[PDB]
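Just one chain follows, in the form deposited in one PDB entry, and it is written as structure tokens.
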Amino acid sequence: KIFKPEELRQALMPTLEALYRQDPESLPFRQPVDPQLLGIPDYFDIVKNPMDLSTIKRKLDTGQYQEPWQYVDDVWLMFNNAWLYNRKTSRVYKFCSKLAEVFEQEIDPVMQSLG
């Protein structure tokens, strides 16, 4: 099944917007983790493939997804990176858990509509 870039954008960008709408939970995710700025040199030792909302948005805007499960994969890579690196008591970790609940609800009917 072929998917057009604008078809993927029209279907999937509302689910990304739903994540941006989460406040405070989306705030640490709207831009890439910056280890130099945050003083965490070990970050890229642990997270070999960073992902964040702005990079997913750019990938959707520049047609880098050929199928919707590639978009889902990048959202879940965001989540898994954050659960992996951050302590379970931290804001980032608990915010990640909230985004995953939101995303699960938003993406389900959209994947049905795509087929």
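Quick note: we count residues from 1 along the sequence shown, nothing fancier.
Just so you know, the form deposited with a small molecule bound exists too; it's not on screen, but the next bit is about it.
Contact check for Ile107: a heavy atom falls within 4.5 Å of the small molecule in the bound PDB entry. At least one heavy atom of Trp83 is located within 4.5 Å of the small molecule in the bound PDB entry. Contact annotation for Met111: at least one heavy atom lies within 4.5 Å of the small molecule in the bound PDB entry. With a 4.5 Å cutoff on heavy atoms, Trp76 counts as touching the small molecule in the bound PDB entry.
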